[PDB]
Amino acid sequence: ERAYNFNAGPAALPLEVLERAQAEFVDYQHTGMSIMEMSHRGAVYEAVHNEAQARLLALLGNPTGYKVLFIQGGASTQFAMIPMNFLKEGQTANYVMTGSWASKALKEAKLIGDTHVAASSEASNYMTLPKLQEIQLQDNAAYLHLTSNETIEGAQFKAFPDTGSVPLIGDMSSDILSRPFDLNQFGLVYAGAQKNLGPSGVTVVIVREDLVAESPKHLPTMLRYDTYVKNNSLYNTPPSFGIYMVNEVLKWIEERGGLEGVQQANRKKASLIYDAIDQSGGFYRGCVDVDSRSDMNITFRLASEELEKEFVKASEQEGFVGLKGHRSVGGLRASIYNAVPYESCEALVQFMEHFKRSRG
């Protein structure tokens, strides 16, 4: 009575989180109010709001000098808000182009100012992530933006470059808090919460405070990072139920053993599915190079569009949700974020085997 949910965004939440939030949904901690009916400047909501920030940092080793912001508008709004805040006249926003979400991010930056493609995997049809360990950039680079996990193509960086005084910025929408990383490599990371952290309606932005101490004063108040830093994301009404749900997911992540624990669990999930593809005698084919494989979104094809359509419908009828890939990629996508249980992955590879043999 739980669907095999492979949705890519919004996506699975841990059942335990759903049950906890359900239980106190009408009356939170005997206050006689739902968390949804409380003031965002009240102590009860504020405890949740602040706890979420601290837990998030703690999962990342609690490096100093970083502020966790909760901003509305999704990752797509960050695509504009980042160059609005950081792309000064005369500077160039540099992008690493690894597929669909990098392309969206670049497009927005061009509306705001000068851009440059600093690296690209388009020549491999996004199968081969670019090597970034070098990359050359200019002095007048405003930042280097990359996408840590290309949710649609199924490619994912294992590591990130040292960019010196050029701030590194990462769209980590589809893999944030799936794996340890060194936040100090980045000036800003961001993620719509709805892939690996909870509900839609909240974007987590973690920013180096020295980079946003004085935001451009010509910008709309709600599009300045300092509005959020200096007002603790409460300048206006925050997405308070969404942040409450992020806090509950963060508690769950710690229960699962933190980022190192979920990474191990996710590697196991992913390894099962990649093995099912790799041992399929070519019946299933991974979309990206082995060394670029994502552990969050596993993309693969069959020998024909007809077979892929059959896979999608038959999977849907056996209770799998969300496996059809994006049209630009075609084929299938198994999204296997933290909360997607190993059991769903087992069911999926069992199904993959049954399908293959039922076609054999």
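A residue's number is simply how far along the shown sequence it sits, counting from 1.
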When mean C-alpha B-factors in the record are compared for 243 to 251 and 112 to 120, the larger belongs to 112 to 120
Between 73 to 81 and 89 to 97, name whichever shows the higher mean Cα B factor according to the PDB entry. 89 to 97
Deposited CA B-factor, highest of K158, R208, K107, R224: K158
For the C-alpha B-factor as written in the entry, point me to the maximum among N50, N297, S39, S328. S328
Lowest, middle or highest third - CA B-factor, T163: highest
Using the B-factor values recorded in the entry, state whether the Cα atom of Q185 falls in the lowest, middle or highest third among the modelled residues of its chain. middle
Among modelled residues of the same chain, the CA temperature factor third for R333: middle
Pull the Cα B-factor of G154 out of the PDB entry and bin it into the chain's lowest, middle or highest third. middle
Please say which third, lowest, middle or highest, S34 falls into when its CA temperature factor is compared across its chain. lowest
